[PDB]
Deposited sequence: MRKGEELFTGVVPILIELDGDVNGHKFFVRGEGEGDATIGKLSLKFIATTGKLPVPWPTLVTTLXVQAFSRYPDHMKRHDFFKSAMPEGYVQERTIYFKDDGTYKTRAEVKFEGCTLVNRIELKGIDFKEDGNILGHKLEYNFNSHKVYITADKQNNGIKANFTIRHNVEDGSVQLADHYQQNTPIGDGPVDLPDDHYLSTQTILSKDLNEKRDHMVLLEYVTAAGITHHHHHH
């Protein structure tokens, strides 16, 4: 039976579910689509099943499957994310929105039957009602980012810390400091990588026939930089 990186040589169906509560405002997001790690591509559509989101869609992007990064041939020995499959990995983050609130997230990314599934609990606290996030002042787009990945030997996993730059409607920028740690769910051998980075690029768009609050996402990610 195919394991690890062997599970990613073709197109893989994806389900993503996010259970969220920001300042007491509860919401739920379901996304479906596909990933193709051979080219590093994600194609997804997300729907807010609970009605109009109380936060901007861009603030959810990093939370909403780095297993679909393209690790080129010389990098495959550093691919922790796929090595944890199919049993999967836990992904935890703290996200500090500068001059505003905090997201805390825990997710599991794993195969459930034949589908790659990302299941998330998100809790947001201390947001300002008239800030960029509850006030919906963020542009509907996403910038490119470089995510440095380092091994976390004590946890048999990896960690990462990076800052997301969200463009604001008035020309300013909303920074979001991310602290991330991932651990395998299974016990089998995983790949603990040398320091490297994921180069991430993202386009957000809409579906003209969807009436529900939604996000269409296209993402291209490659690993490099040992």
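Participant: If a residue lacks a C-alpha atom here, it counts as unmodelled; so which stretches of the deposited sequence fall into that category?
Facilitator: Deposited residues absent from the model fall in 65, 228 to 234.
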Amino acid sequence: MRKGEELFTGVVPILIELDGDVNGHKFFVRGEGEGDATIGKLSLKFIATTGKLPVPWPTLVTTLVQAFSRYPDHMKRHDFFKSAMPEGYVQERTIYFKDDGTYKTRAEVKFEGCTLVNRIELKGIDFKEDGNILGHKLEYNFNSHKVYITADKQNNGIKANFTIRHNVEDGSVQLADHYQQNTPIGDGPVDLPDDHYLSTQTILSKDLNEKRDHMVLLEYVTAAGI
From here on, numbers count along this sequence of modelled residues.
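Participant: Do a third or more of the other compared PDB entries fail to give coordinates for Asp191?
Facilitator: Yes, a third or more of the compared structures omit it.
Participant: Compare the other PDB entries of this protein and indicate whether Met75 is left unmodelled in at least a third of them.
Facilitator: Yes, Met75 lacks coordinates in at least a third of the other compared entries.
Participant: Higher average CA B factor in the deposited record is what I'm after, so tell me if that's 65 to 73 or 48 to 56.
Facilitator: According to the entry, 48 to 56 carries the higher average C-alpha B-factor.
Participant: Comparing 174 to 182 with 24 to 32, where is the mean C-alpha B-factor higher?
Facilitator: It is 24 to 32.
Participant: Compare the CA B factors listed in the entry for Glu108, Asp99, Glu121, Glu87 and report the winner.
Facilitator: In the PDB entry, the greatest C-alpha B-factor among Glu108, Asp99, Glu121, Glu87 is found at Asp99.
Participant: Sorting the chain's CA B-factors, does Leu134 end up in the lowest, middle or highest third?
Facilitator: Top third by C-alpha B-factor.
Participant: Determine, from the deposited record, the chain-internal third of the Cα B-factor for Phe127: lowest, middle or highest.
Facilitator: Highest third of the chain for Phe127's C-alpha B-factor.
Participant: State the tercile, meaning the lowest, middle or highest third, of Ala223 with respect to the CA B-factors recorded for its chain.
Facilitator: Middle third.
Participant: Classify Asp191 as lowest, middle or highest third according to the C-alpha B-factor given in the PDB entry, relative to its own chain.
Facilitator: Answer is lowest: the recorded C-alpha B-factor places it there.
Participant: Determine, from the deposited record, the chain-internal third of the Cα B-factor for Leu198: lowest, middle or highest.
Facilitator: Its C-alpha B-factor belongs to the middle third of this chain's values.
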